[PDB]
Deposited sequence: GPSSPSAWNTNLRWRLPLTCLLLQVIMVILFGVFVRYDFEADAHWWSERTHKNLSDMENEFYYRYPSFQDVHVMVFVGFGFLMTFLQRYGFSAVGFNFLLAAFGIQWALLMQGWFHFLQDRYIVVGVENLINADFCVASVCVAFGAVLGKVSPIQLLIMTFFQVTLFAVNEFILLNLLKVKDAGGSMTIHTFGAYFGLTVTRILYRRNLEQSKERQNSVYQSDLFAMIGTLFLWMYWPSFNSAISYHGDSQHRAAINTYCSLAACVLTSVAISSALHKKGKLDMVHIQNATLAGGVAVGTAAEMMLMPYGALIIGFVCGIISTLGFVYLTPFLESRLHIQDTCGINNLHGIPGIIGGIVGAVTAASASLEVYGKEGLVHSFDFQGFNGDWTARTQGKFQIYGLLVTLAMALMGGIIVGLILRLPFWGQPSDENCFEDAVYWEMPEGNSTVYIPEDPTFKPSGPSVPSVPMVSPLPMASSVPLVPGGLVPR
């Protein structure tokens, strides 16, 4: 029944089937080799790992009665996704036409891949079952891997910090999915689509770990040590500038000049997304400050004006405002990456192909999102009703100390 949110058969079936398949496929394909890349790369892996599980995980706990599902479903989707990503990204790097040799570099890329699903989760947060999220993860990891392969291998595009492959891709995939999953009577749940004091403090845990570790995120897969150092510092600068302009615009747009925690939790991160592609390329930090400057402003304007417009007029219900953080700043990051790439004819042509990568990313996000959206819209997955969204009690036993 379409009203049945009882997942006692379906969720275990989905989890166990997926995990058995992971076991079989690891047995067939995945192997180990027999100073280290471990020592020089593991620290970057850990920072990205924290951003996925604690950064995105707690960021989404701002919802007053959706904290368990935010951190807990993120935990679940990412635990599955990292395994499936190792395989999908792996298959584009077979050794002996049949082995995926895994090292720390594979783990780093698997977490980046999953980060795109954490982005998409932000659009549909509160309105989808954990079964829908696992199905989304299954298809989105595949699509991410194919898009990444087209960009990095076929088009020879550079995108170290994933403004295109992670943020633009994840955002517009997520937003396409959420549009297909449009809920006409979502206002029936709107009393829970907000924060309470304590949930905004938990969410700042997420914000701060993303913001602090983003310089590793953007530098982890830069190749030369020289560009890695530059990627990190440019990201650090862009993020710093983003905080001041996000705060400035949050205040400016409020009638009493008061700040809004949605802006401080989310718009302050836009400078990280926007230098994903360019951070490793920019020879001077002042440009990174400008990117952070502009994107804090644009992100905050997006939350205030664009989100309500897109929901009202275009039927895009975007719980975490991922369009304002990952989407628009992702596209900006892609464009700035192209311009920075172009700065002889070989430079000019690199610039054009960076743009090709952006357009390919968007096409894949749209087409992929339509397909996955339509699958997720089927009434089989235990999704809640329009008046039961943003409510943990639908999928969790609620604490005994409360009830």
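Not built in the structure, per the record, are deposited positions 1-5, 40-57, 367-388, 449-490.
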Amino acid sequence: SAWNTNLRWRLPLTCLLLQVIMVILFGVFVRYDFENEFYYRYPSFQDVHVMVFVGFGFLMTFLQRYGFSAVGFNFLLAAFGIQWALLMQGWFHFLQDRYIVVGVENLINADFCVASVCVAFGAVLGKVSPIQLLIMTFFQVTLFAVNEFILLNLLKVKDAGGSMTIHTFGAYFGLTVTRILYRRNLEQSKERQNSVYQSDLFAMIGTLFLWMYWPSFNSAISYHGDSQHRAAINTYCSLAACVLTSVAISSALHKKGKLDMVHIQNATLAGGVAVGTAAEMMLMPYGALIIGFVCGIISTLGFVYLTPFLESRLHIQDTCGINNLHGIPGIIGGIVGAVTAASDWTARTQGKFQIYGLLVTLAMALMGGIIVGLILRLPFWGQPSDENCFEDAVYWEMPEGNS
From here on, numbers count along this sequence of modelled residues.
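Set 218-226 against 263-271 and average the Cα temperature factors; 218-226 ends up higher.
Legend: mean Cα B-factor per stretch from the PDB entry, 351-359 versus 61-69; the higher mean is in 351-359. When the C-alpha B-factors of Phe202, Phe309, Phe80, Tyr197 are read from the PDB record, the largest value belongs to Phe309. Looking at the C-alpha B-factors along this chain, the one for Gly296 belongs to the middle third. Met364 sits in the middle third of its chain by CA B factor, as recorded in the PDB entry. For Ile290, the recorded CA B-factor ranks within the middle third of the chain. Only modelled residues enter the ranking. Ranked by Cα temperature factor within the chain, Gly126 sits in the middle third according to the deposited record. Ranked by Cα temperature factor within the chain, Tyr236 sits in the middle third according to the deposited record.
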